[PDB]
Number of protein chains: 2
Amino acid sequence: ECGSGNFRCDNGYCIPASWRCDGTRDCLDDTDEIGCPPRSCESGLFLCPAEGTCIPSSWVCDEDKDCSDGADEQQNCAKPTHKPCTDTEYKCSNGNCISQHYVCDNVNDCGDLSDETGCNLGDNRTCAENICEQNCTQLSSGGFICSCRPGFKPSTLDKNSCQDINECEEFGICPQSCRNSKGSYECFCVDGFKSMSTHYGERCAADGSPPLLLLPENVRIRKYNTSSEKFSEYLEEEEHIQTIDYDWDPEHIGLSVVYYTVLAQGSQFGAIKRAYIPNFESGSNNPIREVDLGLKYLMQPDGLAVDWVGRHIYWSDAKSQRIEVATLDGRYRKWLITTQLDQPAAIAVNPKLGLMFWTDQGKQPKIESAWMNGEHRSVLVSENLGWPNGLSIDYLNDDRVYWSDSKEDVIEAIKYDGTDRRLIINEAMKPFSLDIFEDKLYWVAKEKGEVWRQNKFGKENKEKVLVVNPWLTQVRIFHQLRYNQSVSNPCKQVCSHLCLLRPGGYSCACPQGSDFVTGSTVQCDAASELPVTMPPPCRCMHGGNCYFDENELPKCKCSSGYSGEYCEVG
Amino acid sequence: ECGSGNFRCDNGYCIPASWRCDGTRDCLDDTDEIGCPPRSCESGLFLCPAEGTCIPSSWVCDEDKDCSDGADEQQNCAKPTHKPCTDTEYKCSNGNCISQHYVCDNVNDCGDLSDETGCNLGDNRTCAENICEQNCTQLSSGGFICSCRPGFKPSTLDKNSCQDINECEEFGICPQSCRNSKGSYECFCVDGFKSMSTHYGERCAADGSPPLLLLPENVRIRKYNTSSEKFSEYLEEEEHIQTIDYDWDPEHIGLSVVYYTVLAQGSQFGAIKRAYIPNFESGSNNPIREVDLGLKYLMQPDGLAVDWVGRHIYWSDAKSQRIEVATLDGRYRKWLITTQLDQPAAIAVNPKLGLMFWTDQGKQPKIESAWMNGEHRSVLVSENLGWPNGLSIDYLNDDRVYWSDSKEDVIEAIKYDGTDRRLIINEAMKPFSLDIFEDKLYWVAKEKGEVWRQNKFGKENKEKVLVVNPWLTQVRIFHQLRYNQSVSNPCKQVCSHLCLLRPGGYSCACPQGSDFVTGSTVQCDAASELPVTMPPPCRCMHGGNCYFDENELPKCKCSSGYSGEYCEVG
Ligand SMILES: *[C@@H]1O[C@H](CO)[C@@H](O)[C@H](O[C@@H]2O[C@H](CO)[C@@H](O[C@@H]3O[C@H](CO[C@H]4O[C@H](CO)[C@@H](O)[C@H](O)[C@@H]4O)[C@@H](O)[C@H](O[C@H]4O[C@H](CO)[C@@H](O)[C@H](O)[C@@H]4O)[C@@H]3O)[C@H](O)[C@H]2NC(C)=O)[C@H]1NC(C)=O
Ligand SMILES: *[C@@H]1O[C@H](CO)[C@@H](O[C@@H]2O[C@H](CO)[C@@H](O[C@@H]3O[C@H](CO[C@H]4O[C@H](CO)[C@@H](O)[C@H](O)[C@@H]4O)[C@@H](O)[C@H](O[C@H]4O[C@H](CO)[C@@H](O)[C@H](O)[C@@H]4O)[C@@H]3O)[C@H](O)[C@H]2NC(C)=O)[C@H](O)[C@H]1NC(C)=O
Ligand SMILES: *[C@@H]1O[C@H](CO)[C@@H](O[C@@H]2O[C@H](CO)[C@@H](O)[C@H](O[C@@H]3O[C@H](CO)[C@@H](O)[C@H](O)[C@@H]3O)[C@H]2NC(C)=O)[C@H](O)[C@H]1NC(C)=O
Ligand SMILES: *[C@@H]1O[C@H](CO)[C@@H](O[C@@H]2O[C@H](CO)[C@@H](O[C@@H]3O[C@H](CO)[C@@H](O)[C@H](O)[C@@H]3O)[C@H](O)[C@H]2NC(C)=O)[C@H](O)[C@H]1NC(C)=O
Ligand SMILES: *[C@@H]1O[C@H](CO)[C@@H](O)[C@H](O)[C@H]1NC(C)=O
Ligand SMILES: *[C@@H]1O[C@H](CO)[C@@H](O)[C@H](O)[C@H]1NC(C)=O
Ligand SMILES: [Ca+2]
Ligand SMILES: [Ca+2]
Ligand SMILES: [Ca+2]
Ligand SMILES: [Ca+2]
Ligand SMILES: [Ca+2]
Ligand SMILES: [Ca+2]
Ligand SMILES: [Ca+2]
Ligand SMILES: [Ca+2]
């Protein structure tokens, strides 16, 4: 038995007498709370055991279930330099010294064959009389042989004359522009850029505002000021957006225009839409109004491109298998490519050269190019390809075009004529889109939604930029130097409806269905249509709000720290 | 023919002769530029057409291809009232005002089986003699026809006596409570809630700061202010987050603690991690430091729940097919349910009642309840279920439990004992998780990535809250009233290691792989481990920046307008 101050629970466990009937089941057999004193409340009041309340006793045995359990009824009524060597050896073009008896023995001994790069003989001959431009080398047998200083090599048709190597013959020599010199070279930066030299090597750097990355996410377009590593709101409350492209400040406003497609869902067709994007840090939650261009019968716009010098918008519909061109306001639709297309994935245009490029991801993947007016169609790659999701053009390096591939998991480039095919990125974890800017190749891993960065030449290591939802569909660099804004428009106001580009000059065209009248080739039978302008957007600087007056003209206020009509002055 | 000053294209098109040699291929043919004399540069300085530059003749024909073409080396040197009854009508059951002649003709004319009430024949009677309780009508040949006064129903035996209704029983009568009274009812808001009336009717507004939403994605966890509509950063850079739960403000320091499970990635085990959350508004100014509990052999913790009273954490694992418990610092792991489990998906705990609930979404789905100590396991719902991926408990409405399906995509509610199953929400677009707060019920449509909302009783209609991502795995409401903080811990420090809870009391238990000391039920032969303390948090408020010194303690770079060790003084 337990002590006087302890209570024997039924199982034998001794419980301190204080814990008995304290309101908690304190031992396994639950007998520390069994046989507790009844709940006395007061005279004249019936306590229902299920609540603990004390209802009047006049409510007992009246056939009304007054308490939750009704006890009133049922209960009561119940690296060193190149090593020198003696004259019995020779310093080859390669960084080594090889014995002179291995020279003019007619067997390669220092890799570059420099030991027998044109050995010469002659009874009248001496090495140091006149044989080649820079240096010759003599051996005691009477033979003699020449070599050329770095940056030079003996001529192929005459092994006694030094000729310069054009260092631009190699892909990865300089950023931007390689320029050849006799025995040397230079890597001067193009206008707008600046020279810089970083840990991995020389680097050409842009100017002005830092680049932005525009990221469509099937519901929103989100900005990323890459030098601040912060996001900004921009467009929202949209659905099934698939690809975007922009035109840089067409009206000299400080407000570029972003063109984005919308996929068709169910029985509602898709459309291409346009809206202003602030070139200014005003990434605040300012109102953004999109405008539909009104292009009908769109079922899957998969690729989109903007000709900023011709003021045309090019796109391709994978389901309908057409590549179409129209003005930026959606007028004068025109079918360019209508045959031999199974699934046109993405397109890009080069108005400087008048060439447009596109990819096919259907049964027989291929990459094709043609004139921007639809003529001179040709192929570029037809082997070792699958699902070429997208391509972009590096206008600053001989207009070489890179493209992505999510079946070979590769990124590789080619010149605009189809030559110089090189592999750039391997193991790119399903790249779905890409863009090239200032050497940095950006691409999107669709299976996991990361933005990845590497040098466009592919001679560095990968870097992860940021991670977003798998709704990410494309990466696009939003910067002034992305497109040469100063490219002159060759059109001479001769065409009536459309003035497409071709390599040099231009070419007139009619809207789809209408033809030229009597072979005029400038005048079409279709009636001309008025241009479509966009409503004035909010241009407020330094993070001001935006309102609409009684005239619904967007006028906007801000903090008085900055003043002006548009919050532009300090 | 063409004019004198107009050049002729060979197709019959006449164009101004100024376009000759202007630079662009104007004609449809190329003759507009073909035949143009090239620009003259200088004598003795050859202009290479491939670049547009002029080069001295000494550099020319040196076998160095100075220009890209290299031709310099080859060719250069070649109701108001609801129709109330008068004396001429009959009330029938509760207002069916047809003419009076339905009185006790022994025919069910009213349609409702209340046309004849009383109706005991005999001409010499009036119930004013106290034959029926209240509100008779005079029977023409039987004295009394006695329908019950409003708020009452007739008893089976002695139908002349009317039983009071129980209006608290009917589902969805008041948002929070009820008080059955004599022929009437009164309903009120429980402690912590303020009475308000919307355009529809009653609302019990929770006091204090407005509720938040916590959205865990595979990469990050995002806060949301249901009243301000602005997001917040919280935890970032993490990977493979599945489900979360929190413990409100344990130390009164002003910071709750958020627990979240991390899946197994590749061939590497997952973990359960915890971190502070600022109850006060803050973001990007306090770095968030997560810590690991240290639970090995963990693959897929789809279910996590925090018992705020006993200070235990309950989680399930789909791969191990078992449910385990441990302290909030990862000590003393113990298995609770180990048999007849296919895929334990979600879990919830009710310390006040002493019951914890889990859902199984295997080949034979079921929803079960058991004591926290692990006994009295039973099946609540097995009929008509498919993939019950979610689970929530409404601690206010008689501890009712809700769950979300994914095959039948309904949301249902049932009492904790398993009776009165109701289908609260239909066609819920495959909900994945639940959380019931105040008046409304929240759930996540997984594929669409949208957070939705409805009145928790199923009345009215749905409403989109916000859209995140296809990565959204849960929604959990964050507020101090979500878990009643004033529930007293029944444990009395007599148990070493785990002190589990049960209906009405506690129970001591030993960690896994160890037993009690023989002859004892409060002590085990295993050792004990010291509690694992939290690292000090960044408590900065109002935008103050946290900072780490040589001591690595968090301190504040407090913002303007506020003073104090962090920012606590206005
Ligand atoms: C992305 O993030 C990066 C890093 O955070 C940002 O740098 C970048 O844009 C930055 O945006 C701010 C605000 O618009 C710019 O501030 C302005 O800079 C002007 C020029 O500053 C000069 O000197 C700095 C020295 O470091 C040099 O870096 C700059 O390149 C430049 O040579 C500055 O003059 C200007 O104030 C003038 O204009 C006001 C207009 O009202 C007047 O009131 C005021 O009196 C004065 O005359 C302002 O401070 C910032 O320059 C810019 N980036 C940089 C550093 O150049 C972010 N981009 C986006 C899209 O957000
Ligand atoms: C989620 O969204 C809600 C609503 O926006 C936020 O709630 C706000 O929280 C801030 C910070 O706590 C509140 O700001 C402070 O309010 C105090 C008074 O509160 C009452 O009056 C305000 C008037 O604006 C009401 O909005 C509020 O609801 C109460 O009725 C002020 O006294 C504070 O300033 C004064 O005290 C400080 C003390 O240091 C001094 O320094 C100041 O000089 C001054 O004397 C301050 O203004 C704000 O009021 C809250 N608004 C509402 C509507 O709730 C949540 O903060 C947000 N997220 C969460 C949960 O953090
Ligand atoms: C973006 O495009 C512009 C053209 O809008 C490029 O500027 C012109 O580029 C051409 C071809 O490289 C140069 O010849 C131009 O320089 C001058 O050209 C005239 C003949 O028109 C010569 O007589 C001059 O000696 C001089 O060479 C150059 N300038 C213009 C406005 O015509 C520009 O290079 C390009 N920039 C980038 C960043 O791509
Ligand atoms: C959160 O839990 C606490 C309990 O931990 C709840 O407080 C409780 O409120 C009820 C009703 O006011 C109290 O019941 C009353 O008890 C007294 C005797 O103490 C009795 O005379 C009354 O007739 C009535 O039964 C209860 O004592 C009280 N508990 C404590 C310790 O304060 C609180 O309501 C809960 N909140 C929510 C929203 O669930
Ligand atoms: C070879 O050419 C170099 C210049 O690179 C010159 O300086 C050196 O003297 C030459 N060597 C001989 C052996 O002529
Ligand atoms: C009978 O019911 C009416 C309301 O319909 C009420 O006004 C009247 O007082 C009741 N009569 C009695 C006797 O209770
Ligand atoms: Ca007790
Ligand atoms: Ca009663
Ligand atoms: Ca040799
Ligand atoms: Ca050279
Ligand atoms: Ca011309
Ligand atoms: Ca030459
Ligand atoms: Ca009748
Ligand atoms: Ca009642």
# chains A, B, ... in the order shown; residues from 1 in each chain; ligands from 1
call {"tool": "interface_residues", "arguments": {"of": "chain B", "to": "chain A", "cutoff": "9 Å", "atoms": "only C-alpha atoms", "output": "JSON, numbers by chain"}}
result
{"B": [13, 23, 24, 25, 26, 27, 28, 62, 63, 64, 65, 66, 67, 68, 155, 161, 162, 163, 164, 165, 166, 180, 181, 182, 217, 218, 219, 237, 467, 468, 469, 470, 471, 490, 491, 492, 502, 503, 504, 505, 506, 507, 520, 521]}
call {"tool": "residues_around", "arguments": {"residues": "residue 327 (chain B)", "least_positions_apart": "2", "cutoff": "7 Å", "atoms": "only C-alpha atoms", "output": "PyMOL selection string"}}
result
chain B and resi 311-313+329-332
call {"tool": "select_by_dssp", "arguments": {"residues": "region 42-123 of chain A", "states": "helix (DSSP H, G or I)", "output": "PyMOL selection string"}}
result
chain A and resi 57-59+71-74+100-102+114-116
call {"tool": "calpha_fit_rmsd", "arguments": {"fixed": "chain A", "moving": "chain B"}}
result
1.2 Å
call {"tool": "select_by_dssp", "arguments": {"residues": "region 300-519 of chain A", "states": "strand (DSSP E or B)", "output": "VMD selection string"}}
result
chain A and resid 301 to 307 312 to 317 322 to 327 334 to 337 344 to 350 355 to 360 366 to 371 378 to 381 391 to 394 400 to 405 410 to 414 422 to 426 431 to 437 440 to 445 450 to 455 463 to 467 476 to 478 498 to 501 506 to 509 516
call {"tool": "closest_atom_pairs", "arguments": {"of": "chain B", "to": "ligand 4", "cutoff": "10 Å", "atoms": "only C-alpha atoms and all ligand atoms", "output": "tab-separated table"}}
result
residue	atom	partner	partner_atom_place_in_ligand_line	distance
B:176	CA	ligand 4	38 (C)	9.4
B:189	CA	ligand 4	38 (C)	9.0
B:190	CA	ligand 4	38 (C)	5.7
B:191	CA	ligand 4	38 (C)	5.4
B:192	CA	ligand 4	38 (C)	6.6
B:193	CA	ligand 4	38 (C)	8.2
B:352	CA	ligand 4	5 (O)	8.0
B:395	CA	ligand 4	39 (O)	6.9
B:396	CA	ligand 4	39 (O)	6.0
B:397	CA	ligand 4	39 (O)	9.6
B:399	CA	ligand 4	39 (O)	9.9
B:481	CA	ligand 4	38 (C)	7.2
B:482	CA	ligand 4	38 (C)	9.0
B:483	CA	ligand 4	39 (O)	8.4
B:484	CA	ligand 4	1 (C)	4.9
B:485	CA	ligand 4	1 (C)	6.7
B:486	CA	ligand 4	5 (O)	4.6
B:487	CA	ligand 4	5 (O)	3.8
B:488	CA	ligand 4	5 (O)	5.9
B:489	CA	ligand 4	5 (O)	9.4
call {"tool": "write_last_selection", "arguments": {"atoms": "N, CA, C and O atoms", "output": "JSON list (two decimals), in the first residue's frame"}}
result
[["chain", "number", "residue", "atom", "x", "y", "z"],
["B", 176, "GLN", "N", -20.16, 31.18, -35.24],
["B", 176, "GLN", "CA", -19.28, 30.66, -34.20],
["B", 176, "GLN", "C", -19.98, 29.87, -33.09],
["B", 176, "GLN", "O", -19.40, 28.91, -32.56],
["B", 189, "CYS", "N", -20.30, 35.72, -30.67],
["B", 189, "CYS", "CA", -18.90, 35.47, -30.98],
["B", 189, "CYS", "C", -18.15, 35.09, -29.71],
["B", 189, "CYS", "O", -18.29, 35.75, -28.68],
["B", 190, "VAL", "N", -17.35, 34.03, -29.79],
["B", 190, "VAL", "CA", -16.56, 33.56, -28.66],
["B", 190, "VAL", "C", -15.44, 34.56, -28.38],
["B", 190, "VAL", "O", -15.22, 35.49, -29.16],
["B", 191, "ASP", "N", -14.75, 34.38, -27.25],
["B", 191, "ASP", "CA", -13.70, 35.30, -26.83],
["B", 191, "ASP", "C", -12.69, 35.53, -27.95],
["B", 191, "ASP", "O", -12.33, 34.61, -28.69],
["B", 192, "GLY", "N", -12.23, 36.78, -28.07],
["B", 192, "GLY", "CA", -11.29, 37.16, -29.09],
["B", 192, "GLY", "C", -11.89, 37.57, -30.41],
["B", 192, "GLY", "O", -11.15, 37.99, -31.31],
["B", 193, "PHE", "N", -13.21, 37.48, -30.56],
["B", 193, "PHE", "CA", -13.88, 37.82, -31.81],
["B", 193, "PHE", "C", -14.92, 38.90, -31.54],
["B", 193, "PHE", "O", -15.60, 38.90, -30.51],
["B", 352, "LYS", "N", -6.76, 19.87, -27.12],
["B", 352, "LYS", "CA", -7.88, 20.06, -26.20],
["B", 352, "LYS", "C", -8.71, 18.78, -26.09],
["B", 352, "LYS", "O", -9.03, 18.32, -24.99],
["B", 395, "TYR", "N", -11.27, 24.20, -34.65],
["B", 395, "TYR", "CA", -11.30, 24.08, -33.19],
["B", 395, "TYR", "C", -12.52, 24.75, -32.57],
["B", 395, "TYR", "O", -12.82, 24.48, -31.40],
["B", 396, "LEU", "N", -13.21, 25.62, -33.30],
["B", 396, "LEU", "CA", -14.35, 26.35, -32.76],
["B", 396, "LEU", "C", -15.67, 25.63, -32.99],
["B", 396, "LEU", "O", -16.41, 25.37, -32.03],
["B", 397, "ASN", "N", -15.99, 25.29, -34.24],
["B", 397, "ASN", "CA", -17.24, 24.60, -34.57],
["B", 397, "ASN", "C", -17.10, 23.14, -34.15],
["B", 397, "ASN", "O", -16.64, 22.29, -34.91],
["B", 399, "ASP", "N", -15.20, 21.15, -32.87],
["B", 399, "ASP", "CA", -14.02, 20.39, -33.27],
["B", 399, "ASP", "C", -14.24, 19.59, -34.55],
["B", 399, "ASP", "O", -13.77, 18.46, -34.66],
["B", 481, "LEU", "N", -4.99, 33.32, -33.21],
["B", 481, "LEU", "CA", -6.26, 32.68, -32.89],
["B", 481, "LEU", "C", -6.45, 31.35, -33.60],
["B", 481, "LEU", "O", -7.40, 30.63, -33.27],
["B", 482, "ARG", "N", -5.58, 31.01, -34.55],
["B", 482, "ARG", "CA", -5.69, 29.71, -35.22],
["B", 482, "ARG", "C", -5.48, 28.57, -34.23],
["B", 482, "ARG", "O", -6.11, 27.52, -34.36],
["B", 483, "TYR", "N", -4.61, 28.77, -33.25],
["B", 483, "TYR", "CA", -4.36, 27.78, -32.20],
["B", 483, "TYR", "C", -4.60, 28.48, -30.86],
["B", 483, "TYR", "O", -3.88, 29.42, -30.52],
["B", 484, "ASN", "N", -5.61, 28.02, -30.12],
["B", 484, "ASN", "CA", -5.87, 28.55, -28.78],
["B", 484, "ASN", "C", -4.64, 28.43, -27.90],
["B", 484, "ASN", "O", -4.21, 27.32, -27.57],
["B", 485, "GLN", "N", -4.06, 29.57, -27.52],
["B", 485, "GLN", "CA", -2.81, 29.57, -26.76],
["B", 485, "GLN", "C", -3.02, 29.35, -25.27],
["B", 485, "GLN", "O", -2.06, 29.06, -24.56],
["B", 486, "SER", "N", -4.25, 29.49, -24.78],
["B", 486, "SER", "CA", -4.54, 29.39, -23.36],
["B", 486, "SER", "C", -4.91, 27.97, -22.93],
["B", 486, "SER", "O", -5.55, 27.80, -21.89],
["B", 487, "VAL", "N", -4.52, 26.96, -23.70],
["B", 487, "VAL", "CA", -4.74, 25.57, -23.30],
["B", 487, "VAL", "C", -3.60, 25.14, -22.40],
["B", 487, "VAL", "O", -2.42, 25.29, -22.75],
["B", 488, "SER", "N", -3.94, 24.60, -21.24],
["B", 488, "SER", "CA", -2.97, 24.27, -20.20],
["B", 488, "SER", "C", -2.37, 22.89, -20.46],
["B", 488, "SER", "O", -3.08, 21.95, -20.83],
["B", 489, "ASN", "N", -1.06, 22.78, -20.28],
["B", 489, "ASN", "CA", -0.37, 21.51, -20.45],
["B", 489, "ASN", "C", -0.72, 20.57, -19.30],
["B", 489, "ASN", "O", -0.48, 20.92, -18.13]]
call {"tool": "residues_near_ligand", "arguments": {"ligand": "ligand 5", "cutoff": "9 Å", "atoms": "only C-alpha atoms and all ligand atoms", "output": "JSON, numbers by chain"}}
result
{"A": [128, 134, 135, 136, 137, 147, 148, 149, 150]}
call {"tool": "residues_around", "arguments": {"residues": "residue 290 (chain A)", "least_positions_apart": "5", "cutoff": "7 Å", "atoms": "only C-alpha atoms", "output": "VMD selection string"}}
result
chain A and resid 273 to 275
call {"tool": "atom_distance", "arguments": {"atom1": "CA of residue 45 (chain A)", "atom2": "CA of residue 73 (chain A)"}}
result
14.3 Å
call {"tool": "decode", "arguments": {"residues": "region 404-442 of chain B", "atoms": "C-alpha atoms", "output": "PDB file, in the first residue's frame"}}
result
ATOM      1  CA  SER B 404      -9.787  17.659 -49.403  1.00  0.00           C
ATOM      2  CA  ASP B 405      -9.903  14.983 -52.095  1.00  0.00           C
ATOM      3  CA  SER B 406      -8.240  14.907 -55.498  1.00  0.00           C
ATOM      4  CA  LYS B 407     -10.145  12.234 -57.463  1.00  0.00           C
ATOM      5  CA  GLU B 408     -13.662  13.377 -56.555  1.00  0.00           C
ATOM      6  CA  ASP B 409     -12.096  16.824 -55.826  1.00  0.00           C
ATOM      7  CA  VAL B 410     -14.738  17.624 -53.183  1.00  0.00           C
ATOM      8  CA  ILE B 411     -14.151  19.227 -49.780  1.00  0.00           C
ATOM      9  CA  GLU B 412     -16.005  17.536 -46.933  1.00  0.00           C
ATOM     10  CA  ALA B 413     -16.563  17.947 -43.204  1.00  0.00           C
ATOM     11  CA  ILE B 414     -17.377  15.425 -40.481  1.00  0.00           C
ATOM     12  CA  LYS B 415     -17.563  15.454 -36.700  1.00  0.00           C
ATOM     13  CA  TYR B 416     -14.551  14.227 -34.747  1.00  0.00           C
ATOM     14  CA  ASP B 417     -16.364  11.007 -33.802  1.00  0.00           C
ATOM     15  CA  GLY B 418     -17.239  10.340 -37.454  1.00  0.00           C
ATOM     16  CA  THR B 419     -20.958  11.171 -37.765  1.00  0.00           C
ATOM     17  CA  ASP B 420     -22.923  13.604 -39.940  1.00  0.00           C
ATOM     18  CA  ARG B 421     -20.757  13.580 -43.040  1.00  0.00           C
ATOM     19  CA  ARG B 422     -21.426  16.596 -45.260  1.00  0.00           C
ATOM     20  CA  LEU B 423     -20.146  17.642 -48.688  1.00  0.00           C
ATOM     21  CA  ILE B 424     -19.276  21.274 -48.031  1.00  0.00           C
ATOM     22  CA  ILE B 425     -17.733  22.207 -51.400  1.00  0.00           C
ATOM     23  CA  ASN B 426     -18.233  20.505 -54.760  1.00  0.00           C
ATOM     24  CA  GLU B 427     -16.150  20.654 -57.965  1.00  0.00           C
ATOM     25  CA  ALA B 428     -13.237  22.243 -56.119  1.00  0.00           C
ATOM     26  CA  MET B 429     -10.787  21.792 -59.044  1.00  0.00           C
ATOM     27  CA  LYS B 430      -8.690  19.150 -57.243  1.00  0.00           C
ATOM     28  CA  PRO B 431      -7.906  20.810 -53.890  1.00  0.00           C
ATOM     29  CA  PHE B 432      -4.616  19.873 -52.245  1.00  0.00           C
ATOM     30  CA  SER B 433      -4.685  21.494 -48.786  1.00  0.00           C
ATOM     31  CA  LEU B 434      -7.005  23.265 -46.365  1.00  0.00           C
ATOM     32  CA  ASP B 435      -7.034  25.816 -43.587  1.00  0.00           C
ATOM     33  CA  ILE B 436     -10.166  27.112 -41.871  1.00  0.00           C
ATOM     34  CA  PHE B 437      -9.989  30.463 -40.106  1.00  0.00           C
ATOM     35  CA  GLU B 438     -12.655  32.815 -38.760  1.00  0.00           C
ATOM     36  CA  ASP B 439     -15.493  32.512 -41.278  1.00  0.00           C
ATOM     37  CA  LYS B 440     -14.018  31.270 -44.568  1.00  0.00           C
ATOM     38  CA  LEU B 441     -12.315  28.140 -45.899  1.00  0.00           C
ATOM     39  CA  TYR B 442      -9.135  28.275 -47.995  1.00  0.00           C
TER      40      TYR B 442
END
